[PDB]
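Given next, in structure tokens, is a single chain: the form deposited without the DNA.
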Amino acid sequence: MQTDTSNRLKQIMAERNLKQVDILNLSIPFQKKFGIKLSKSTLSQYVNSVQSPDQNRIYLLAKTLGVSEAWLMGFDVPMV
């Protein structure tokens, strides 16, 4: 596709003034809620586009940031 998960995370970091450390912080309550872990290292791998998130982390980050899963995956759809 045209857009990556990497691109979307970067779009959110810029538009919402969040660094990776902030996003990771926001996710922790949801990590415990869902019982699904996201480490700092793995998050940077998503941002730098070295790794693409599995469907577990797509859901996690999407609920954390309040965006749609499809959007977060890079698809050309509405954000909310």
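Residues carry their position along the shown sequence, with the first being 1.
In the PDB entry, a CA B factor belonging to the highest third of its chain's modelled residues is recorded for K19.
Sort the chain's modelled residues by C-alpha temperature factor and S68 lands in the middle third, per the entry. In this PDB entry, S44 carries a Cα temperature factor that places it within the highest third of its chain's modelled residues. Looking at the C-alpha B-factors along this chain, the one for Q51 belongs to the highest third.
Keep in mind that the form solved in complex with the DNA is missing from the display, and what follows is about it.
In the bound PDB entry, at least one heavy atom of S52 sits within 4.5 Å of the DNA.
In the bound PDB entry, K40 approaches the DNA with a heavy atom inside 4.5 Å.
Within 4.5 Å of any heavy atom of the DNA in the bound PDB entry lies no heavy atom of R16. The DNA is not drawn, but in the bound PDB entry it has a heavy atom within 4.5 Å of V21.
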